[PDB]
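One chain is shown next in structure tokens, namely the form deposited in one PDB entry.
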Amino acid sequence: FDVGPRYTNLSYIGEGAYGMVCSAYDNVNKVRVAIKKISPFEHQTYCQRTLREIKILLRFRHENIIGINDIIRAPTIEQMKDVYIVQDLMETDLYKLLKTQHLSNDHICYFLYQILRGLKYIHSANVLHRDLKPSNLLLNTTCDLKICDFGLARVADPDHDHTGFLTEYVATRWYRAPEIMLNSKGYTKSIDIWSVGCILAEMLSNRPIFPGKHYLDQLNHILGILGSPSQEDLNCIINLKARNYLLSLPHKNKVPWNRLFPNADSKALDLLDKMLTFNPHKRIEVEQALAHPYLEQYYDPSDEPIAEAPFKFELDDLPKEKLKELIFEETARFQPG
């Protein structure tokens, strides 16, 4: 965990596939920070996540999105085995909080607002996060919230979103929109809105709303609550295998939200309904969501910034080696000299 002279007093915070994150003291700013150690140069996929996250986070600047303050690596490509990413330091994440803490409606409202505020900026950049979930939402001791982990992020591509039935997908299962299992590659902004809807539901009850145990079971959970899709929504799905799978299921009634969440704010459930809409084209978009009455205490579009420029619009087709220089190159600005 050699982070050089600049950072000392390392203290473990959390681990995962992304690597491990430790607290640490920044001698130059006297402020304590968070450091993530990554060894991506082991498999090329981890290298793609590393590169997407770095490029995106370096161009992004927003209160509700985690930043990269510094990147620590060896002086030369040969000597570089690991990359250390220095980022905002926060107390906990939504996943940890939901395990043991009941959220007041005021907290649920405030968290949702900040998630959407951050998402407005991401989407304004033509970027999809694609793996929104509680563990990717960090909070500090005054409940300021920042979205992290942009490893699965992509540039939006609505025109190439269609695919076949049961096409495999990487993003976390419980937060996948129904269309992913049916006919979507997850290349439209509506995919993130679904995830935020799932996060809202989870904040209301401290339980994942759709805890599927395997790929297709996820869809079954979703339909068990929303009920069978309408003829209109069925007609929008042109792929036969996808549509006929749906048609093969016995009819299921919708479960009314106020029955699922009897203690919830009624305005919160109206917004939930709109984010967890089956048909992605009818699903609410992030700016509409921000303007929804549930968030009226906070809504101020002039205080909800968008990006100066979008992306442009691959890391899929290059060697773990090829982009080992790309990582080295993109981290160049942080090295002395």
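For clarity, a rigid core is taken as the largest C-alpha set superposing within 1.5 Å between two forms. The first residue of the sequence shown is number 1, and the count goes up from there.
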Missing from the model but present in the deposited sequence, between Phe313 and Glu314:
1 to 3
Should the higher mean CA B-factor in the entry be assigned to 104-112 or to 229-237?
229-237
Higher avg CA temperature factor (24-32 vs 274-282, as deposited) belongs to 24-32
Per the coordinate record, which of the options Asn64, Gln297, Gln44, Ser302 holds the highest CA temperature factor?
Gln44
Among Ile38, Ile306, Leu269, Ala289, which residue carries the highest C-alpha B-factor recorded in the PDB entry?
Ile38
With respect to C-alpha B-factor, does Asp265 fall in the lowest, middle or highest third of the chain as deposited?
middle
Just say lowest, middle or highest third for the CA B-factor of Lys96 relative to the other modelled residues in its chain.
middle
Going by the recorded CA B-factors, say which third of the chain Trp174 sits in, lowest, middle or highest.
lowest
Comparing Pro75 with the other modelled residues of its chain, is its CA B-factor in the lowest, middle or highest third?
highest
So where's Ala156 on the chain's Cα temperature factor ranking, which third?
middle
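One more form of this protein, deposited in another entry, exists but is not displayed; see below.
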Shifts of 2 Å or more at the CA atom, core superposed, between this form and the one not shown: which of the listed residues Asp265, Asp144, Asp217, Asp157 is the one?
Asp157
Would you say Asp106 moves between this form and the one not shown, meaning its CA shifts by 2 Å or more once the core is fitted?
no
Did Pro134 shift 2 Å or more between this form and the one not shown, C-alpha, core superposed:
no
Align both forms on the core first, then report whether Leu166 has a C-alpha shift of 2 Å or more between this form and the one not shown.
yes
Are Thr163 and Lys55 closer or farther apart at the Cα level in the other entry than shown, by 3 Å or more?
closer
If the CA atoms of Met203 and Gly186 move by 3 Å or more in the other entry, do they move toward each other or away, so closer or farther than here?
farther
